[PDB]
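Peer 1: Residue numbers (the authors' numbering), protein chains in the order written: chain A, 540 to 607; chain B, 107 to 113; chain C, 761 to 806; chain D, 39 to 144; chain E, 298 to 384; chain F, 238 to 312, 353 to 360, 548 to 568, 607 to 636, 749 to 1065; chain G, 2 to 50; chain H, 42 to 119; chain I, 7 to 366.
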Amino acid sequence: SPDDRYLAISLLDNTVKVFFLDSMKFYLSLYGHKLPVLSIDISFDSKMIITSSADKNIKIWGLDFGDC
Amino acid sequence: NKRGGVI
Amino acid sequence: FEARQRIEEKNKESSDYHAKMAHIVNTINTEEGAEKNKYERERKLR
Amino acid sequence: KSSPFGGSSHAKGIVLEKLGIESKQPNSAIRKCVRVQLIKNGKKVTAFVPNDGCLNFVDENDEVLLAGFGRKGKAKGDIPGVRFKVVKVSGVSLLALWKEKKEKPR
Amino acid sequence: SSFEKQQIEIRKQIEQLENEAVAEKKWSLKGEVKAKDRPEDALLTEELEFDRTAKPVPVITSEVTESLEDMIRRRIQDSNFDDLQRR
Amino acid sequence: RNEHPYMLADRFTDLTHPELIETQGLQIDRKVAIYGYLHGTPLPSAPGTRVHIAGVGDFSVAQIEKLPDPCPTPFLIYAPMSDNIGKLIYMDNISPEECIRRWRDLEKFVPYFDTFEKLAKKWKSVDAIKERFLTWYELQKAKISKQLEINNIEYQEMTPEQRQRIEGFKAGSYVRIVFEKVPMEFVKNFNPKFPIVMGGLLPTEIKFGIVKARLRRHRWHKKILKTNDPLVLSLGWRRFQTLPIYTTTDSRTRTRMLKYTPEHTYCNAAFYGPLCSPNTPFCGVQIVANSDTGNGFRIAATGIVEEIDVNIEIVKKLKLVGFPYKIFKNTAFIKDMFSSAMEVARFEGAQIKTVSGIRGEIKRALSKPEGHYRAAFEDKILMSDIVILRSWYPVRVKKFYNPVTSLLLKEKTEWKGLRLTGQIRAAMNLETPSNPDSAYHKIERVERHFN
Amino acid sequence: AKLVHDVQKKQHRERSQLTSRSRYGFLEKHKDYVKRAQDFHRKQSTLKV
Amino acid sequence: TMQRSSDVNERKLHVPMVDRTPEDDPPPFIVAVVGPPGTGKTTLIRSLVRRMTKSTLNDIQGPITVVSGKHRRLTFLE
Amino acid sequence: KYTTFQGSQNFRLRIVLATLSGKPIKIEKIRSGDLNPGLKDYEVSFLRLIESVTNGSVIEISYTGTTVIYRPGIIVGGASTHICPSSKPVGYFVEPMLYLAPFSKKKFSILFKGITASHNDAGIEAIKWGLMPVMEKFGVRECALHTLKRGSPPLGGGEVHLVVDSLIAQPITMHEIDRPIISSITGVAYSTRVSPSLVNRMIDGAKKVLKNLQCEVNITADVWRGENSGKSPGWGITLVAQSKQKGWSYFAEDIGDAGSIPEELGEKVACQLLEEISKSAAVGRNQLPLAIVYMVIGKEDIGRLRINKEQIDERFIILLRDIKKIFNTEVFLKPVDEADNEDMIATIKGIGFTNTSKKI
Ligand SMILES: Nc1nc2c(ncn2[C@@H]2O[C@H](COP(=O)(O)OP(=O)(O)OP(=O)(O)O)[C@@H](O)[C@H]2O)c(=O)[nH]1
Ligand SMILES: [Mg+2]
């Protein structure tokens, strides 16, 4: 995160784990692409990730609950 | 059917 | 407008009333006619 | 085994509530019915009171006396199931109440 | 006394509604009121109700025309309509 | 009498102050001790109970003091009027935090907890609560007797609550009561011949409202009972003259007003009055005095209370009758049931019927003959046929309520209230409001031919 | 009369024609109406045939 | 037989209610003397209290509480 | 001139006790020393709720909003709906009706709009599996509470529908003395309109702290799909200890707001459940006020009920003081005879009160 809140990690399992940097306590496992996510960005106040894969669609995800 | 009220 | 509203609520309450009381008379018909026929069944052999 | 309830011809029953208050058609077989608690068994059955005009004597928990009915035909509105008529309420005969000789005490 | 003024106000309402009872009826409690036995047009000011023969014409609203519009949207999207065929 | 705390009064004391009654000069509200013997349910020992004594109205108690009974028994005549934690809760001055701190916020529904981290340190192991985690007639008779014995057993406890402030003057104890606001005329005409009973009101019988009951003309009463015709009800404890109104659910669709009661069956009725429990019966009398007794039976109407509320709505029929003047085939022009274009514009679309029993519908206003308008029917109306518009005008009960208050009179009988309609008419020497066309006649059907 | 009284099944007298509208007398009731209407139906049916 | 018994044992059936009091201090049961006027009342009251306390009175009025037996009393009211 | 109160406290319970006893009430000084004083919006809506439920009840509010009068009337109920303000969820508006409810002329079908759950107030599975069973054992028979659609803070969109139609005369008198054995420990975990991983990692993270406990654990999952999810995303977890041998329940809750780990919230609710069963005996610390109101509003008997010592809090003191200054009923306290734990037993001579609204 740009305000070093937490880090998002993709997997080649079609998912992204949102994962704390202070605590690594596995905040979220947000998924739903069906072909591996291969770009991840985080909003400038750690509120909204933008995830994207080889399914040609980009998904804008609110971080308060991992919603879309 | 009602009689009361709030004032 | 008053005509349409009053005819609607009257049809709604009548369709409720018929089904509700026919429901209760049929359930109290069968849940005692069953044991009445079983009573005449057990009484017929004596 | 000698009767519809044990062996007795009559059994005191506690009236739960009047069945069929809200029937629109007067003198209808849903209207002239009432829930009654058999005491010597302790269970709830439903029973007739003839003449729904004199239904309104018996109201609620008034230890009525419960006799047999005996359908001697095939009446039209007559539902099956019930075979219990009410013969007294709280000690006094409700037939005598209907022809207004006696009085119901409370 | 307090009981005395109690009895005189009781006596007051006694008097007012005994003369109400013996006195003339309202027009609106007596049945069979013609036109000539009323206040002339008291009836708009009445809040009086009755029953009617048949449901009148449904006034066509924006919500009912858009409901049938989305109905025809669904139907002509799916092309599930019913025409005649040749022979 | 099994659900009401009642008491006959056998001894009476008008403990006012004589310098005070000489000071105001015969106007005071005489505070009175009533020395009596209570029966019924236990009397609630907190002073402030509504208690109705008969024939004056209901009061509230002010102080109550039980005495040793003057006519006791083996374990004899008596003729008066003749020859820690609990107090830590309930003491009022201190604050609940002081109560809990010397014993050791409720809009928030969840109970207050502490820091979750030390909670988890407490319940890392769970072994503390691990001990916790491992005929019908005589049936009801046994249940009620078991209730009575645990009642008496847990009444057998520490004295000052279960003997004078938590169970309340248990059953059958000679007590003294002090009322205030007793009017002077009770003491001024205190005849000891007439009894003075009293009974503690429930909370549900102090409020006034409208009671729906099911009446009956009493079977030895010689006269039918009119609507809006005053009679005195003996409902519960009170006796009051009120103005009943008799209704019938016409096939259980409505509650329409009658003019009298039926001759031999139960009919519904409504009246203003004090509230009471449902399923409670009452008698109801006509004229109670002794100047007007005759050889007539006095009890007028008996019956029980169906239910209660504060406002019922009852209607009555009224038939807007009209007259055709111009018929056609299957439609007609009708006249003077209405008077104005705005009236018929209100009543566009209403169903009507004829006295010949055929249906119809009032279609539209006629323009210039401002009363007259146009209606369509099943077939041809004759020129000699009155139309009918069934409608429901709502009537409402009158709020009249005199308790009889018999034992404040000068004479203690000859009580008067509202007289009956027939006798106020006879008193002001009027005549009954008859109607000449309303009277029936020996009708004469003639053999009507056809063309 | 099975379970009813004579005062339950007594009588209901019919009201007569008014005196205001008495020029065209004899208000006709439901039995008079059906007595007229079945005759009119008969005449219309034979006209149709 | 069972015939004369199985119909007469329903006299033991009722509505279950409660009677307000154990054997601690039952009250004087209120006994009322009602008749048409000019017969019975005061003389029957006098005779009953004379038998019940071996002592009559004169011009009795108001409710009078008189014992009757070692159990309980009662109360007379003309 | 009848019964008067100070302080903007305990307000729902004062109004429901006035409506039960039939006595009128003044309450003055509603947060008079405040920067924005007066009666709140949600409690004004609560009074309009009460006025829609009852009939003939009259209420005046101060123009300064710092006092409220209330003469009650009879309760009639009826099939209605109620929009609720977004300051306060539906548990706050359904909990006083949950014990005013079984006494009207008619049934109760009053469905509520708005937010389903919150932190401070009552969740809906909380209300169901922790306040239905105490009432079903007090004497009501058909009380039900369904969810048409859930909601979540702070956008809501939740629809909740209670019905009661066992209109009894009065509750029976409870006699519970022992320490009730727990027969099972169940619970449910719901998620409104987020991913379905949250529920399973709530359930396992909860049940890891009581897998060592011997008793049988059963937590049921429910996601909430589609339009029924409502208008805000959220999730929550409900734990209920069931005593089926006599039918009691304990319960503990939470919802998880933004920035909260579901594993940690699951074990947090399970540790608060352990907290409550430590502090509790035969009733929950939040099941307590409804229970003692029922035992004071039942029949003219002695109702006895056993509680452990830590139930007695400032809420208990203020509830007893309020119930005295409505209808002056002292509670006697029986210390149990085996007193290594000083367990009190509330015995109250109940009033012989009954509803007088029924069609009979
Ligand atoms: N013939 C006859 N007269 C009786 C009898 N008993 C009482 N009386 C008469 O009744 C008269 C009135 O006394 P009570 O009968 O006690 O009067 P009461 O019954 O109290 O009725 P009130 O005087 O109205 O209060 C007495 O003077 C007797 O003459 C009786 O048994 N036979
Ligand atoms: Mg005498």
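Each residue gets a CB set at the ideal place from its N, CA and C atoms; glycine is no exception.
Any heavy atom of ligand 1 closer than 7 Å to the beta-carbon of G103(H)?
Peer 2: Because no heavy atom of ligand 1 lies under 7 Å away, the Cβ of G103(H) does not count as near it: no.
Peer 1: How is the beta strand (DSSP E) around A989(F) delimited, first residue to last?
Peer 2: Element bounds for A989(F): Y987 to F991.
Peer 1: For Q278(I) and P239(I), I'd like the C-alpha separation in whole angstroms.
Peer 2: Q278(I) and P239(I): Cα-Cα distance of roughly 24 Å.
Peer 1: Just the residues with CB closer than 6 Å to a heavy atom of ligand 2, in chain order, which are they?
Peer 2: Result (chain order): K82(H), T83(H) and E119(H).
Peer 1: For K53(H) and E773(C), what's the separation of their Cα atoms in angstroms?
Peer 2: Going from the Cα of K53(H) to the Cα of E773(C) covers about 46 Å.
Peer 1: Would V899(F) and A914(F) qualify as a contact pair, given that the criterion is a beta-carbon distance under 8 Å?
Peer 2: Yes; because the gap between Cβ atoms is below 8 Å, this pair is in contact.
Peer 1: To the nearest angstrom, how far is it from the Cα of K111(H) to the Cα of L353(F)?
Peer 2: Those two C-alpha atoms are separated by around 11 Å.
Peer 1: On the DSSP bridge list, what partners appear for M587(A)?
Peer 2: Paired residue(s): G601(A).
Peer 1: Just to make sure I have the definition right: I need the residues of chain B whose C-beta is within less than 9 Å of the C-beta of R54(I). Which are they?
Peer 2: Residues of chain B passing the Cβ test: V112.
Peer 1: Would you be able to state if there are at least three C-beta pairs under 8 Å between the stretch 94-109 of chain D and the stretch 45-55 of chain D?
Peer 2: They touch, by the three-pair rule.
Peer 1: Could you check the C-alpha separation between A1053(F) and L934(F) for me, to the nearest Å?
Peer 2: C-alpha separation (whole angstroms): 19 Å.
Peer 1: Under the three-state reduction of DSSP, which class applies to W136(D): helix, strand or coil?
Peer 2: DSSP places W136(D) in helix when its eight states are reduced to three.
Peer 1: For a test of the three-state rule: what should DSSP assign to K840(F), helix, strand or coil?
Peer 2: Strand.
Peer 1: Could you check which residue in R566(F), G910(F), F808(F) and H832(F) has the C-alpha nearest to that of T879(F)?
Peer 2: Comparing Cα positions, the closest option is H832(F).
Peer 1: For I329(I), count the other beta carbons within 10 Å of its own beta carbon; 16 or more makes it buried, fewer makes it exposed. Which is it?
Peer 2: Looking at its Cβ environment, which holds 16 or more other Cβ atoms inside 10 Å, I329(I) is buried.
Peer 1: For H572(A), does the count of other Cβ atoms within 10 angstroms reach 16, so buried, or fall short, so exposed?
Peer 2: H572(A) is buried by the Cβ-count criterion.
Peer 1: Would you say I31(I) reaches chain K, if we count a Cβ-Cβ gap shorter than 8 Å as a contact?
Peer 2: Absent from the structure is chain K; the protein chains it does hold are A, B, C, D, E, F, G, H and I.
Peer 1: Cβ of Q310(E) less than 8 Å from any chain F Cβ?
Peer 2: Yes, because at least one Cβ of chain F sits closer than 8 Å to the Cβ of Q310(E).
Peer 1: Per DSSP, what are the beta-bridge partners of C881(F) in this structure?
Peer 2: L829(F), per the DSSP bridge assignment.
Peer 1: Would you please verify whether the beta carbon of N89(D) is less than 8 Å from any beta carbon of chain G?
Peer 2: So, interface residue.
Peer 1: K796(C) versus chain D: which residues are under 8 Å apart at the beta carbon?
Peer 2: Residues of chain D passing the Cβ test: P118, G119 and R121.
Peer 1: If contacts are defined as beta-carbon pairs under 8 Å, then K134(I) and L151(I) qualify, I think. What distance do you get, rounded to the angstrom?
Peer 2: Yes, they are in contact, since the Cβ atoms of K134(I) and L151(I) sit about 5 Å apart, within 8 Å.
Peer 1: Would you call the CB atoms of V83(D) and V53(D) closer than 8 Å?
Peer 2: Not in contact: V83(D) and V53(D) (Cβ atoms no closer than 8 Å).
Peer 1: Considering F52(I), what are the terminal residues of the alpha helix (DSSP H) in which it resides?
Peer 2: From DSSP, the alpha helix (DSSP H) with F52(I) extends over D47 to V59.
Peer 1: I want to verify the contact list: residues of chain D whose CB lies under 8 Å from the CB of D60(H), in sequence order.
Peer 2: By Cβ distance, chain D contributes nothing, its closest Cβ being about 16 Å from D60(H), past 8 Å.
Peer 1: Can you tell me where the alpha helix (DSSP H) with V96(I) in it begins and where it stops?
Peer 2: Residues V96 to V100.
Peer 1: From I1057(F), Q776(F), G910(F) and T818(F), pick the residue whose C-alpha is nearest to that of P892(F); which is it?
Peer 2: When each option's Cα is compared against that of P892(F), the closest is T818(F).
Peer 1: Hey, is the stretch 24-39 of chain I in contact with the stretch 841-851 of chain F, meaning 3+ C-beta pairs nearer than 8 Å?
Peer 2: The answer is no - the stretch 841-851 of chain F does not touch the stretch 24-39 of chain I, with fewer than three Cβ pairs under 8 Å.
Peer 1: Please tell me whether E877(F) and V5(G) are closer than 8 Å, where the distance is taken between their beta carbons.
Peer 2: Cβ atoms of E877(F) and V5(G): not closer than 8 Å.
Peer 1: How about the stretch 922-936 of chain F and the stretch 868-875 of chain F: do they share at least three Cβ pairs that are nearer than 8 Å?
Peer 2: Cβ pair count under 8 Å is three or more, so yes.
Peer 1: Mind pulling the chain I residues with CB within less than 7 Å of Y566(A)?
Peer 2: In chain order: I267.
Peer 1: Check whether the Cβ of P806(F) lies closer than 7 Å to any heavy atom of ligand 1, and answer yes or no.
Peer 2: Outside the cutoff, so no.
Peer 1: Name, going along the chain, the residues of the stretch 2-27 of chain G whose beta-carbon falls closer than 7 Å to a beta-carbon of chain D.
Peer 2: Per Cβ criterion, the list reads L4.
Peer 1: Mind the definition here: the stretch 783-802 of chain F touches the stretch 1005-1016 of chain F only if three or more C-beta pairs lie below 8 Å; say whether that holds.
Peer 2: No contact exists between the stretch 783-802 of chain F and the stretch 1005-1016 of chain F.
Peer 1: Taking 7 Å as the cut-off, is the C-beta of residue 14(H) nearer than that to any heavy atom in ligand 1?
Peer 2: With chain H running from 42 to 119 in the structure shown, residue 14(H) is simply not present.
Peer 1: Which residues mark the beginning and the end of the beta strand (DSSP E) in which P1017(F) is found?
Peer 2: Looking at the DSSP string, the run of the beta strand (DSSP E) that includes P1017(F) is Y1015 to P1017.
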